[PDB]
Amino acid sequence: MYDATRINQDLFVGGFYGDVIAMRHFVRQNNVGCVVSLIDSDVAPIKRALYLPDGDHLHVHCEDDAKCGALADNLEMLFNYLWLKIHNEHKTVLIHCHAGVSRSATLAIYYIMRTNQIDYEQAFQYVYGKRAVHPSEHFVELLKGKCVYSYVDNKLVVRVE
């Protein structure tokens, strides 16, 4: 009963509540190949308990605070990590924070926005249909800020950067 949800064939989103054994049980039972930890707490115990091979556990220290830019600062690196684990190494990814509703959900939504070239509201509803998420307002503006709307042939086409 570790609280994480399958979002699509490639991604899980969840939290962390201090029971690494439950988390390890979820990861191993569900064949999760890679874990991204987006937390402001100590990650070494999670890394140790999961014991994944070198390179299959990534940590970015980041807060959920209109003041911390660390998730935004690392969005490109995080995206490329997911893309290479999913497409080149064929792994599923657990993205987690503490509650699994804002930090982790923000990266999952962005991965779906950019791989599908769809806007925030479309990706958010897709994810929210599988797990009730609620990105903080500044993460919503971050993700919306990645979308460009360009005029062509009497339409506005969205591009996700």
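For every residue, the number given is its place in the sequence shown, counted from 1.
J.: Quick check: 105-113 versus 49-57, which has the larger average CA B-factor in the record?
T.: Averaging CA B-factors over each stretch, the winner is 49-57.
J.: Where do the C-alpha atoms have the higher mean temperature factor in this entry, in 36-44 or in 89-97?
T.: Stretch with the greater average CA B-factor: 36-44.
J.: Is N31 in the lowest, middle or highest third of its chain when residues are ranked by C-alpha B-factor?
T.: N31: CA B-factor falls in the lowest third of its chain.
J.: Looking at the entry's B-factor column for C-alpha atoms only, identify whether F12 ranks in the lowest, middle or highest third of its chain.
T.: Lowest third of the chain for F12's C-alpha B-factor.
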